[PDB]
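J.: Hey, dropping coords-v7.txt in here, compact mmCIF, N, CA and C atoms and all ligand atoms:
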```txt
# COMPACT_ATOMS: atom_id res chain seq x y z
N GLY I 184 3.45 -8.84 -12.02
CA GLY I 184 2.33 -7.92 -11.99
C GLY I 184 2.49 -6.78 -12.98
N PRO I 185 2.23 -7.05 -14.27
CA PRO I 185 2.30 -6.01 -15.30
C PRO I 185 1.15 -5.01 -15.20
N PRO I 186 1.32 -3.81 -15.77
CA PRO I 186 0.23 -2.84 -15.70
C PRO I 186 -0.91 -3.15 -16.65
N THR I 187 -2.12 -2.76 -16.27
CA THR I 187 -3.28 -2.85 -17.14
C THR I 187 -3.34 -1.56 -17.95
N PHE I 188 -3.41 -1.67 -19.27
CA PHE I 188 -3.43 -0.48 -20.13
C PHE I 188 -4.84 -0.10 -20.60
N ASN I 189 -5.11 1.20 -20.57
CA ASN I 189 -6.40 1.75 -20.99
C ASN I 189 -7.60 1.02 -20.38
N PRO I 190 -7.60 0.84 -19.05
CA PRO I 190 -8.73 0.17 -18.39
C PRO I 190 -10.02 0.99 -18.49
N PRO I 191 -11.16 0.32 -18.70
CA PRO I 191 -12.42 1.06 -18.90
C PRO I 191 -12.97 1.65 -17.62
N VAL I 192 -13.78 2.70 -17.75
CA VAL I 192 -14.49 3.28 -16.61
C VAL I 192 -16.00 3.07 -16.79
N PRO I 193 -16.69 2.56 -15.76
CA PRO I 193 -16.21 2.21 -14.43
C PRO I 193 -15.26 1.01 -14.42
N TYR I 194 -14.18 1.13 -13.64
CA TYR I 194 -13.15 0.10 -13.52
C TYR I 194 -13.33 -0.73 -12.26
N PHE I 195 -13.15 -2.04 -12.39
CA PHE I 195 -13.23 -2.95 -11.25
C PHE I 195 -12.06 -3.93 -11.26
N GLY I 196 -11.08 -3.67 -10.41
CA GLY I 196 -9.87 -4.48 -10.32
C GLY I 196 -9.74 -5.22 -9.01
N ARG I 197 -9.38 -6.50 -9.08
CA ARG I 197 -9.21 -7.33 -7.90
C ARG I 197 -7.81 -7.14 -7.31
N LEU I 198 -7.76 -6.91 -6.00
CA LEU I 198 -6.50 -6.77 -5.27
C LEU I 198 -6.12 -8.09 -4.60
N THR I 203 -1.92 -5.43 0.33
CA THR I 203 -0.94 -5.72 1.36
C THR I 203 -0.08 -4.50 1.66
N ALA I 204 0.46 -4.45 2.87
CA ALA I 204 1.28 -3.32 3.31
C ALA I 204 2.58 -3.19 2.50
N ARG I 205 3.14 -1.98 2.47
CA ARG I 205 4.35 -1.66 1.70
C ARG I 205 4.24 -1.85 0.18
N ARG I 206 3.04 -2.15 -0.31
CA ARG I 206 2.81 -2.22 -1.76
C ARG I 206 2.20 -0.92 -2.25
N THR I 207 2.63 -0.49 -3.44
CA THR I 207 2.17 0.77 -4.03
C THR I 207 1.41 0.54 -5.33
N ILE I 208 0.27 1.21 -5.45
CA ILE I 208 -0.61 1.11 -6.61
C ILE I 208 -0.46 2.35 -7.47
N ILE I 209 -0.27 2.14 -8.77
CA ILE I 209 -0.14 3.23 -9.73
C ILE I 209 -1.41 3.41 -10.54
N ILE I 210 -1.84 4.66 -10.64
CA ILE I 210 -3.00 5.03 -11.44
C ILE I 210 -2.69 6.30 -12.22
N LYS I 211 -2.59 6.16 -13.54
CA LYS I 211 -2.45 7.31 -14.42
C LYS I 211 -3.79 7.56 -15.10
N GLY I 212 -4.25 8.80 -15.05
CA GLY I 212 -5.57 9.13 -15.55
C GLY I 212 -5.68 10.52 -16.12
N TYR I 213 -6.88 10.86 -16.55
CA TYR I 213 -7.16 12.11 -17.23
C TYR I 213 -8.51 12.65 -16.81
N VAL I 214 -8.55 13.92 -16.44
CA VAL I 214 -9.81 14.56 -16.06
C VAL I 214 -10.43 15.24 -17.28
N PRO I 215 -11.62 14.78 -17.70
CA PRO I 215 -12.26 15.42 -18.87
C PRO I 215 -12.56 16.89 -18.60
N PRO I 216 -12.48 17.74 -19.64
CA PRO I 216 -12.73 19.18 -19.46
C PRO I 216 -14.14 19.49 -18.96
N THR I 217 -15.10 18.63 -19.29
CA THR I 217 -16.48 18.79 -18.84
C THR I 217 -16.75 17.99 -17.58
N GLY I 218 -15.70 17.40 -17.02
CA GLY I 218 -15.84 16.56 -15.84
C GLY I 218 -16.45 17.33 -14.69
N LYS I 219 -17.25 16.63 -13.89
CA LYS I 219 -17.86 17.20 -12.70
C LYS I 219 -17.26 16.54 -11.45
N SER I 220 -17.07 15.23 -11.51
CA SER I 220 -16.50 14.50 -10.39
C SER I 220 -16.14 13.07 -10.79
N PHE I 221 -15.22 12.46 -10.04
CA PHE I 221 -14.97 11.03 -10.14
C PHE I 221 -14.54 10.46 -8.79
N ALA I 222 -14.59 9.13 -8.65
CA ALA I 222 -14.31 8.48 -7.37
C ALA I 222 -13.37 7.29 -7.52
N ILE I 223 -12.47 7.13 -6.56
CA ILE I 223 -11.62 5.95 -6.44
C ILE I 223 -11.89 5.26 -5.11
N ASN I 224 -12.42 4.04 -5.17
CA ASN I 224 -12.83 3.32 -3.97
C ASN I 224 -12.03 2.04 -3.70
N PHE I 225 -11.51 1.94 -2.48
CA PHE I 225 -10.90 0.72 -1.96
C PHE I 225 -11.90 -0.01 -1.08
N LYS I 226 -12.48 -1.09 -1.59
CA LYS I 226 -13.62 -1.73 -0.94
C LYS I 226 -13.28 -3.12 -0.41
N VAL I 227 -14.12 -3.59 0.52
CA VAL I 227 -13.98 -4.93 1.08
C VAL I 227 -14.77 -5.95 0.27
N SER I 230 -18.81 -5.70 2.12
CA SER I 230 -18.28 -5.87 0.78
C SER I 230 -18.43 -4.58 -0.02
N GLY I 231 -19.62 -3.98 0.05
CA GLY I 231 -19.86 -2.71 -0.60
C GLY I 231 -19.35 -1.59 0.27
N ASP I 232 -18.84 -1.96 1.44
CA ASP I 232 -18.22 -1.01 2.35
C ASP I 232 -16.98 -0.45 1.66
N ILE I 233 -16.64 0.80 1.96
CA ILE I 233 -15.48 1.45 1.37
C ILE I 233 -14.49 1.88 2.45
N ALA I 234 -13.31 1.27 2.46
CA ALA I 234 -12.28 1.59 3.45
C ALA I 234 -11.70 2.98 3.20
N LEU I 235 -11.45 3.29 1.93
CA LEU I 235 -10.99 4.62 1.53
C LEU I 235 -11.69 5.06 0.25
N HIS I 236 -12.41 6.17 0.37
CA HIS I 236 -13.13 6.78 -0.74
C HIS I 236 -12.46 8.09 -1.13
N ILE I 237 -11.89 8.14 -2.33
CA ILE I 237 -11.23 9.35 -2.83
C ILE I 237 -12.10 10.01 -3.90
N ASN I 238 -12.60 11.21 -3.61
CA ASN I 238 -13.59 11.86 -4.46
C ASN I 238 -13.22 13.30 -4.84
N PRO I 239 -12.44 13.47 -5.92
CA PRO I 239 -12.18 14.80 -6.46
C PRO I 239 -13.41 15.40 -7.13
N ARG I 240 -13.77 16.62 -6.74
CA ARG I 240 -14.93 17.30 -7.30
C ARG I 240 -14.49 18.59 -7.98
N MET I 241 -14.59 18.66 -9.31
CA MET I 241 -14.07 19.82 -10.04
C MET I 241 -14.96 21.05 -9.83
N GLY I 242 -16.20 20.84 -9.42
CA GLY I 242 -17.12 21.94 -9.22
C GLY I 242 -16.63 22.95 -8.19
N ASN I 243 -16.10 22.45 -7.06
CA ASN I 243 -15.57 23.32 -6.01
C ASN I 243 -14.10 23.04 -5.69
N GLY I 244 -13.46 22.22 -6.52
CA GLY I 244 -12.04 21.94 -6.38
C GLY I 244 -11.63 21.29 -5.06
N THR I 245 -12.44 20.35 -4.58
CA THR I 245 -12.14 19.63 -3.35
C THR I 245 -11.66 18.22 -3.65
N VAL I 246 -10.90 17.66 -2.72
CA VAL I 246 -10.52 16.26 -2.76
C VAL I 246 -11.00 15.62 -1.45
N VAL I 247 -12.19 15.04 -1.51
CA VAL I 247 -12.87 14.52 -0.32
C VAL I 247 -12.47 13.07 -0.03
N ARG I 248 -12.07 12.81 1.21
CA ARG I 248 -11.77 11.45 1.66
C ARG I 248 -12.74 11.02 2.76
N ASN I 249 -13.19 9.77 2.70
CA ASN I 249 -14.09 9.23 3.71
C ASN I 249 -14.14 7.70 3.71
N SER I 250 -14.90 7.14 4.64
CA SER I 250 -15.10 5.70 4.74
C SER I 250 -16.58 5.37 4.86
N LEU I 251 -16.99 4.27 4.22
CA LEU I 251 -18.39 3.87 4.15
C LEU I 251 -18.70 2.54 4.84
N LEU I 252 -19.32 2.59 6.02
CA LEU I 252 -19.72 1.37 6.75
C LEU I 252 -21.23 1.33 6.92
N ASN I 253 -21.83 0.20 6.55
CA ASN I 253 -23.26 -0.01 6.70
C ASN I 253 -24.09 1.12 6.09
N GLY I 254 -23.65 1.61 4.94
CA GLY I 254 -24.39 2.65 4.24
C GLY I 254 -24.22 4.01 4.89
N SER I 255 -23.31 4.11 5.86
CA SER I 255 -23.08 5.37 6.56
C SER I 255 -21.64 5.84 6.37
N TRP I 256 -21.52 7.07 5.88
CA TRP I 256 -20.25 7.76 5.74
C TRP I 256 -19.73 8.31 7.08
N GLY I 257 -18.43 8.21 7.29
CA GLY I 257 -17.80 8.74 8.49
C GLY I 257 -17.50 10.22 8.30
N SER I 258 -16.54 10.74 9.05
CA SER I 258 -16.16 12.14 8.92
C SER I 258 -15.32 12.40 7.67
N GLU I 259 -15.62 13.48 6.96
CA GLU I 259 -14.86 13.86 5.78
C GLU I 259 -13.50 14.48 6.11
N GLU I 260 -12.49 14.07 5.34
CA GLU I 260 -11.18 14.71 5.37
C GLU I 260 -10.98 15.40 4.02
N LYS I 261 -10.61 16.68 4.05
CA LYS I 261 -10.57 17.49 2.83
C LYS I 261 -9.29 18.31 2.66
N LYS I 262 -8.47 18.37 3.70
CA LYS I 262 -7.27 19.21 3.69
C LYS I 262 -6.22 18.76 2.67
N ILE I 263 -5.75 19.72 1.88
CA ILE I 263 -4.73 19.50 0.86
C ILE I 263 -3.81 20.71 0.77
N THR I 264 -2.65 20.53 0.15
CA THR I 264 -1.77 21.66 -0.15
C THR I 264 -1.75 21.93 -1.65
N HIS I 265 -2.32 21.01 -2.43
CA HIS I 265 -2.42 21.19 -3.87
C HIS I 265 -3.52 20.29 -4.44
N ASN I 266 -4.04 20.67 -5.60
CA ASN I 266 -5.08 19.90 -6.29
C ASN I 266 -4.65 19.55 -7.72
N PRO I 267 -4.26 18.29 -7.96
CA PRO I 267 -3.80 17.87 -9.29
C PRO I 267 -4.93 17.49 -10.25
N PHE I 268 -6.18 17.64 -9.82
CA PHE I 268 -7.32 17.14 -10.59
C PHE I 268 -8.12 18.22 -11.31
N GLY I 269 -7.45 19.22 -11.88
CA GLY I 269 -8.15 20.23 -12.64
C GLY I 269 -8.72 19.63 -13.91
N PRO I 270 -9.86 20.17 -14.40
CA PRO I 270 -10.44 19.65 -15.65
C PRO I 270 -9.51 19.78 -16.86
N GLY I 271 -9.46 18.72 -17.67
CA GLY I 271 -8.63 18.69 -18.86
C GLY I 271 -7.18 18.33 -18.59
N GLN I 272 -6.86 18.02 -17.34
CA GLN I 272 -5.49 17.70 -16.93
C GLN I 272 -5.28 16.20 -16.68
N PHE I 273 -4.07 15.74 -17.00
CA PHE I 273 -3.63 14.38 -16.67
C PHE I 273 -3.03 14.34 -15.27
N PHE I 274 -3.14 13.19 -14.61
CA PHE I 274 -2.54 13.02 -13.28
C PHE I 274 -1.86 11.66 -13.14
N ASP I 275 -0.82 11.64 -12.31
CA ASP I 275 -0.08 10.41 -12.00
C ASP I 275 -0.24 10.14 -10.51
N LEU I 276 -1.16 9.24 -10.17
CA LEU I 276 -1.47 8.97 -8.77
C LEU I 276 -0.82 7.69 -8.27
N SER I 277 -0.28 7.75 -7.06
CA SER I 277 0.24 6.56 -6.39
C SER I 277 -0.35 6.44 -4.99
N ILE I 278 -0.77 5.22 -4.65
CA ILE I 278 -1.33 4.91 -3.34
C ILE I 278 -0.55 3.77 -2.68
N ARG I 279 0.17 4.09 -1.61
CA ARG I 279 0.90 3.07 -0.86
C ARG I 279 0.05 2.63 0.31
N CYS I 280 -0.11 1.32 0.46
CA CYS I 280 -0.81 0.77 1.61
C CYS I 280 0.21 0.57 2.73
N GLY I 281 0.05 1.33 3.81
CA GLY I 281 0.91 1.23 4.97
C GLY I 281 0.26 0.41 6.07
N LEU I 282 0.96 0.24 7.19
CA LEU I 282 0.41 -0.53 8.29
C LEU I 282 -0.75 0.17 9.01
N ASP I 283 -0.66 1.48 9.20
CA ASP I 283 -1.71 2.22 9.93
C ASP I 283 -2.45 3.22 9.04
N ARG I 284 -1.99 3.39 7.80
CA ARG I 284 -2.61 4.36 6.90
C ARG I 284 -2.27 4.20 5.43
N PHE I 285 -3.13 4.78 4.59
CA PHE I 285 -2.83 5.00 3.18
C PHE I 285 -1.96 6.24 3.02
N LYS I 286 -0.99 6.18 2.12
CA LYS I 286 -0.21 7.36 1.77
C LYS I 286 -0.34 7.58 0.27
N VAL I 287 -0.93 8.72 -0.09
CA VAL I 287 -1.27 9.02 -1.48
C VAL I 287 -0.46 10.21 -1.98
N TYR I 288 0.16 10.02 -3.14
CA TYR I 288 0.97 11.03 -3.78
C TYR I 288 0.36 11.36 -5.13
N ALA I 289 0.50 12.60 -5.57
CA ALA I 289 0.09 12.98 -6.91
C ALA I 289 1.24 13.68 -7.62
N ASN I 290 1.68 13.09 -8.73
CA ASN I 290 2.76 13.64 -9.53
C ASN I 290 4.03 13.81 -8.70
N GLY I 291 4.29 12.84 -7.84
CA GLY I 291 5.49 12.83 -7.02
C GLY I 291 5.42 13.65 -5.75
N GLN I 292 4.35 14.42 -5.59
CA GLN I 292 4.20 15.28 -4.42
C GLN I 292 3.13 14.68 -3.52
N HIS I 293 3.43 14.55 -2.24
CA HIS I 293 2.48 14.01 -1.27
C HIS I 293 1.18 14.80 -1.31
N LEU I 294 0.06 14.08 -1.32
CA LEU I 294 -1.25 14.70 -1.39
C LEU I 294 -1.95 14.61 -0.03
N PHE I 295 -2.04 13.40 0.51
CA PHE I 295 -2.62 13.21 1.83
C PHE I 295 -2.28 11.84 2.41
N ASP I 296 -2.42 11.72 3.73
CA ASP I 296 -2.43 10.43 4.40
C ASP I 296 -3.85 10.14 4.84
N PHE I 297 -4.22 8.86 4.88
CA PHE I 297 -5.54 8.46 5.34
C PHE I 297 -5.44 7.28 6.29
N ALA I 298 -5.67 7.54 7.57
CA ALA I 298 -5.59 6.50 8.59
C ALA I 298 -6.68 5.46 8.38
N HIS I 299 -6.30 4.19 8.52
CA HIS I 299 -7.24 3.09 8.37
C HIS I 299 -8.32 3.18 9.43
N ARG I 300 -9.57 3.22 9.00
CA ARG I 300 -10.71 3.21 9.90
C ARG I 300 -11.34 1.82 9.97
N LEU I 301 -11.30 1.13 8.83
CA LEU I 301 -11.86 -0.21 8.71
C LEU I 301 -10.88 -1.29 9.12
N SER I 302 -11.37 -2.23 9.93
CA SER I 302 -10.54 -3.30 10.46
C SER I 302 -10.48 -4.47 9.48
N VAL I 307 -9.24 -5.10 2.26
CA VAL I 307 -9.43 -4.37 1.01
C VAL I 307 -8.90 -5.18 -0.16
N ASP I 308 -9.82 -5.79 -0.92
CA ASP I 308 -9.46 -6.69 -2.01
C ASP I 308 -9.98 -6.22 -3.37
N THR I 309 -10.61 -5.05 -3.40
CA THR I 309 -11.25 -4.53 -4.61
C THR I 309 -10.90 -3.06 -4.87
N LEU I 310 -10.58 -2.73 -6.12
CA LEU I 310 -10.41 -1.34 -6.56
C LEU I 310 -11.48 -0.91 -7.56
N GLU I 311 -12.27 0.10 -7.18
CA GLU I 311 -13.33 0.64 -8.05
C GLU I 311 -13.06 2.09 -8.44
N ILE I 312 -13.15 2.36 -9.74
CA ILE I 312 -13.04 3.73 -10.25
C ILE I 312 -14.22 4.03 -11.17
N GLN I 313 -15.01 5.04 -10.83
CA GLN I 313 -16.17 5.43 -11.64
C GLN I 313 -16.23 6.94 -11.75
N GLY I 314 -17.07 7.42 -12.67
CA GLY I 314 -17.32 8.84 -12.81
C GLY I 314 -16.63 9.46 -14.00
N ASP I 315 -16.42 10.76 -13.93
CA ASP I 315 -15.88 11.53 -15.04
C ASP I 315 -14.36 11.46 -15.07
N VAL I 316 -13.83 10.34 -15.55
CA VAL I 316 -12.38 10.14 -15.61
C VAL I 316 -11.99 9.12 -16.69
N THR I 317 -10.85 9.36 -17.34
CA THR I 317 -10.27 8.43 -18.32
C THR I 317 -8.96 7.85 -17.79
N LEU I 318 -8.83 6.53 -17.85
CA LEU I 318 -7.66 5.85 -17.30
C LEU I 318 -6.66 5.44 -18.39
N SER I 319 -5.40 5.82 -18.17
CA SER I 319 -4.30 5.47 -19.08
C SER I 319 -3.73 4.09 -18.75
N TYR I 320 -3.52 3.84 -17.46
CA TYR I 320 -3.05 2.54 -16.99
C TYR I 320 -3.12 2.43 -15.47
N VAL I 321 -3.34 1.21 -15.00
CA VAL I 321 -3.31 0.90 -13.58
C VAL I 321 -2.32 -0.23 -13.34
N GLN I 322 -1.38 0.00 -12.43
CA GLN I 322 -0.37 -1.00 -12.09
C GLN I 322 -0.30 -1.29 -10.60
N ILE I 323 -0.49 -2.55 -10.23
CA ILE I 323 -0.34 -2.97 -8.84
C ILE I 323 0.95 -3.77 -8.68
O1 LIG I 401 -18.12 12.09 2.34
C1 LIG I 401 -18.06 11.43 1.04
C2 LIG I 401 -19.43 11.41 0.48
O2 LIG I 401 -19.93 12.80 0.41
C3 LIG I 401 -21.30 12.80 -0.13
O3 LIG I 401 -21.81 14.09 -0.23
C4 LIG I 401 -21.92 14.76 1.07
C5 LIG I 401 -21.24 16.09 0.98
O4 LIG I 401 -19.79 15.88 0.77
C6 LIG I 401 -21.41 16.92 2.18
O5 LIG I 401 -20.92 18.25 1.90
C7 LIG I 401 -22.85 17.02 2.62
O6 LIG I 401 -22.91 17.63 3.88
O7 LIG I 401 -23.49 15.68 2.71
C8 LIG I 401 -23.37 14.94 1.45
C9 LIG I 401 -24.12 13.63 1.62
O8 LIG I 401 -25.34 13.71 0.96
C10 LIG I 401 -21.35 12.14 -1.52
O9 LIG I 401 -22.72 12.06 -1.93
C11 LIG I 401 -20.76 10.78 -1.54
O10 LIG I 401 -20.63 10.33 -2.95
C12 LIG I 401 -19.43 10.73 -0.89
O11 LIG I 401 -18.49 11.38 -1.73
```
What does the file become when written as structure tokens?
Ligand SMILES: OC[C@H]1O[C@@H](O[C@H]2[C@H](O)[C@@H](O)[C@H](O)O[C@@H]2CO)[C@H](O)[C@@H](O)[C@H]1O
T.:
Amino acid sequence: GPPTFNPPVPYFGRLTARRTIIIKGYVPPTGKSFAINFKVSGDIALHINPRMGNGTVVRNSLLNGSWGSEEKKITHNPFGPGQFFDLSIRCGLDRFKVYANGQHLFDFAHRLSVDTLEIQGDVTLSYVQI
């Protein structure tokens, strides 16, 4: 499983527990927002949505066109405009564990009972490795 280099945005990659996904990217200086979606079919098990406008990192799940409760709590925000980030997402048995630049960012408990990776919006990708 070699890394994909300079994948285009919007990105659509086809995808298990204890496996970690690497995403290196870049936030454009004029960026407003971007999204990273772990989807089944158009349902989203984990929606990661950094918004540079108010500096939030919004997490949620999408079932039947309906969003669940938002999770927003963080101790740091690695997604400032004009900055590069090194993101890792480990799929655990009961939750996602997401790190940014080696520092834990958040955990996300599985709500959905995930074979697709979607990345769209104001972001440039350096490489994605599964
Ligand atoms: O929850 C993820 C979801 O949020 C939508 O926007 C929300 C917004 O976060 C919230 O503050 C407001 O009360 O309702 C909005 C729904 O219209 C985004 O539109 C969507 O892309 C997701 O990111």
J.: Counting only C-alpha atoms and all ligand atoms, name the residues that have an atom within 6 Å of an atom of ligand LIG 401 (chain I); the answer should be given as a PyMOL selection string.
T.: chain I and resi 238+249+256+259
J.: Give me the segment 295-322 of chain I side of the contact with segment 273-282 of chain I, cut-off 10 Å, one line per residue showing its nearest atom pair and distance in Å at one decimal, counting only C-alpha atoms, sorted by chain and residue number, as JSON lines.
T.:
```
{"residue": "I:295", "atom": "CA", "partner": "I:278", "partner_atom": "CA", "distance": 9.9}
{"residue": "I:296", "atom": "CA", "partner": "I:278", "partner_atom": "CA", "distance": 9.6}
{"residue": "I:297", "atom": "CA", "partner": "I:281", "partner_atom": "CA", "distance": 9.7}
{"residue": "I:298", "atom": "CA", "partner": "I:281", "partner_atom": "CA", "distance": 9.1}
{"residue": "I:299", "atom": "CA", "partner": "I:282", "partner_atom": "CA", "distance": 8.5}
{"residue": "I:316", "atom": "CA", "partner": "I:273", "partner_atom": "CA", "distance": 9.8}
{"residue": "I:317", "atom": "CA", "partner": "I:273", "partner_atom": "CA", "distance": 9.1}
{"residue": "I:318", "atom": "CA", "partner": "I:273", "partner_atom": "CA", "distance": 9.5}
{"residue": "I:319", "atom": "CA", "partner": "I:273", "partner_atom": "CA", "distance": 9.3}
{"residue": "I:320", "atom": "CA", "partner": "I:275", "partner_atom": "CA", "distance": 9.8}
{"residue": "I:321", "atom": "CA", "partner": "I:276", "partner_atom": "CA", "distance": 9.6}
{"residue": "I:322", "atom": "CA", "partner": "I:277", "partner_atom": "CA", "distance": 9.5}
```
J.: In Å, rounded to a single decimal, give me how far atom CA of residue 211 of chain I is from atom CA of residue 285 of chain I.
T.: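 Those two atoms sit 17.8 Å apart.
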J.: In Å to one decimal, how far is atom CA of residue 217 of chain I from atom CA of residue 290 of chain I?
T.: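 So the answer is 22.0 Å.
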J.: Can you tell me, as a count of residues only, which residues in chain I count as strand (DSSP E) by DSSP?
T.: 71
J.: Can you list, as a compact mmCIF listing (two decimals) with N, CA and C atoms, keeping the file's coordinate frame, every protein, DNA or RNA residue that comes within 8 Å of residue 253 of chain I when you count only N, CA and C atoms, leaving out same-chain residues fewer than 2 positions away?
T.:
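Contents of part-v9.txt, as written:
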```txt
# COMPACT_ATOMS: atom_id res chain seq x y z
N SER I 230 -18.81 -5.70 2.12
CA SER I 230 -18.28 -5.87 0.78
C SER I 230 -18.43 -4.58 -0.02
N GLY I 231 -19.62 -3.98 0.05
CA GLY I 231 -19.86 -2.71 -0.60
C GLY I 231 -19.35 -1.59 0.27
N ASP I 232 -18.84 -1.96 1.44
CA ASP I 232 -18.22 -1.01 2.35
C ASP I 232 -16.98 -0.45 1.66
N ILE I 233 -16.64 0.80 1.96
CA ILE I 233 -15.48 1.45 1.37
C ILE I 233 -14.49 1.88 2.45
N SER I 250 -14.90 7.14 4.64
CA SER I 250 -15.10 5.70 4.74
C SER I 250 -16.58 5.37 4.86
N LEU I 251 -16.99 4.27 4.22
CA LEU I 251 -18.39 3.87 4.15
C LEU I 251 -18.70 2.54 4.84
N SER I 255 -23.31 4.11 5.86
CA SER I 255 -23.08 5.37 6.56
C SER I 255 -21.64 5.84 6.37
N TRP I 256 -21.52 7.07 5.88
CA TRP I 256 -20.25 7.76 5.74
C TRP I 256 -19.73 8.31 7.08
```
J.: Between I:312, I:247, I:323, I:241, single out the one closest to residue 208 of chain I, counting all atoms listed in the file.
T.: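 Counting all atoms listed in the file, the residue closest to residue 208 of chain I is I:323.
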J.: Point out the residue among I:268, I:184, I:227, I:284 with the least atom-to-atom distance to residue 300 of chain I, counting only N, CA and C atoms.
T.: I:284
J.: Rounded to one decimal, what separation in Å do you get between atom CA of residue 315 of chain I and atom CA of residue 216 of chain I?
T.: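 Computed distance, atom CA of residue 315 of chain I to atom CA of residue 216 of chain I, equals 9.4 Å.
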